[PDB]
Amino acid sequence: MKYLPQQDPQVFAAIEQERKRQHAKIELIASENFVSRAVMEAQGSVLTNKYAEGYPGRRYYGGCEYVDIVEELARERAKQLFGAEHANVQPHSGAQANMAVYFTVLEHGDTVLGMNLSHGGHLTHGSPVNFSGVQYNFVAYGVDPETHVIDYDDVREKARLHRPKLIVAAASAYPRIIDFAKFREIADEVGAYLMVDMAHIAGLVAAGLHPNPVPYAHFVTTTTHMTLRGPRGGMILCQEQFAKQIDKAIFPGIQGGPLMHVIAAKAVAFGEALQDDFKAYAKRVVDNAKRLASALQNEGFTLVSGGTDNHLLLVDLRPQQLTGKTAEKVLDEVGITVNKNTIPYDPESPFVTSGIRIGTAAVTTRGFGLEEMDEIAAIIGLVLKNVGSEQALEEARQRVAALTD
C-alpha cells in the first residue's frame, strides 16, 4: 500500500495486523478462503466510482459502457462455470442473493420448506430472528438421527404436509453431497419451486466435485467468497424464464446501485475458477478434508455423518465431554481457528453446542497438503484431549507455528 499508511496509520496498522494474523493462524472456518491479488486489485479499483443501477445495456445512467463490459464478463464467466441460463452478479452478499429470490417467488406469509437450522440449514433459511423466518412461514426437514444424512423421506412428507410454495436445499454445515435431483422431484410432486443455496459448495460445483444444482433448480443462490474463492458478495443463477423477474427483484426490488468494483472482482474470481489449476485446487480441498476427517477419527474423534463428501466436517465432541464453545476457545488459544456449531439433535443450545465446524478451503489455498492435515489433526487431538494441560497447549502452539512458518 502507498497512500493508506500515510493518510491513515490507525486503519493501516489494523489492516497490517489482520494480514499477519491470516498468515500466522491455522484458518479452519469452513466458509473462509484467501482471494488472489488480482481479485483484490479489482475491488480496490476506481469502479468503486460509478453508479450503474440497471443492467448492461439497460442502465439508468450514462457512461456505463465500460462497467457493462465488466458485468457481462462476470455474467458470462458465471454462465460458463455453472451452465445456468441467466446470472445476476449484483447481489451484495449471499443474504441479498437469497432475499431477492424470496422477494421474487414469495408473498409475505407463504410457506417455505428448508433444512433444519440445527442440522445444517443456514440463518437465511428460516431463522425466526432472520428476515426469512420473519417474513415467511418456514418449515424444516431434518437429517437421520444416526447417519446424519438428510432424510429425503422426511423432506417429502414435510413438503406434502405443509405444501410450501418454495423448497430450499443446501446448507452452511452439511458435510455430505446433497441430492438435487431428489429435491426437485419432491418440489414437482407438490408444485413448489426449488431453490438451491450452494454458497458453501460453489467452488466444488465449479470444479465438478459436487453435483451441480443448476439443472435441477429454478433458482440457485451462492456467495462468491467461500469455496469459489471470490470477493465477498452474492450471485443468483436461474432459468431464462425467471431472468427478468430476478433482475427486477435485485433492482429496483431490493438493492440500489451495484458494487461495480466487486462485480469486477467477481469476474476475476470467475476467470480463475475457469482455469485448470482452480480445478486442481478444489480437488485438494476435498482430498484434504477427507484426510483431515480420517486423521481426526484416528485421534478418537466422532464426526457427524462419519466423515465428509466435501470441504467441511463437523466434530461431535460429546465423547470428549466438551462444549463446541469450549473446544473453539482452547483451539483459539493455540492458533487454530474453528467455529462452534450445533450438531444434529444437539442437547446444547446454539450458543454452546456439542460440535466444532471445520473446513479445508483456506489452508488448501495456502498450500497445505495431506501431511499438514495429519499434523493439524494430531494437534487438535493433543489439545482437545488434554484441555487442562498447559504443556499440551504450549506444544500445540509450537506445532502450529511450525506449520504456519
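Quick note: we count residues from 1 along the sequence shown, nothing fancier.
Looking at mean Cα B-factors across 224 to 232 and 73 to 81, the upper value is held by 73 to 81.
In this crystal structure, the stretch out of 64 to 72 and 31 to 39 whose C-alpha atoms carry the higher mean B factor is 64 to 72.
Looking only at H122, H200, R318, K248, the residue with the top Cα B factor in the deposited structure is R318. The residue among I186, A169, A267, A100 whose C-alpha atom has the highest B-factor in the PDB entry is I186. For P145, the recorded CA temperature factor ranks within the highest third of the chain's modelled residues.
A361: CA B factor lies in the lowest third for its chain, per the PDB record. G54: CA B factor lies in the lowest third for its chain, per the PDB record. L322 sits in the highest third of its chain by CA B factor, as recorded in the PDB entry. Ranked against the other modelled residues of its chain, the C-alpha B-factor of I343 as given in the entry falls in the highest third.
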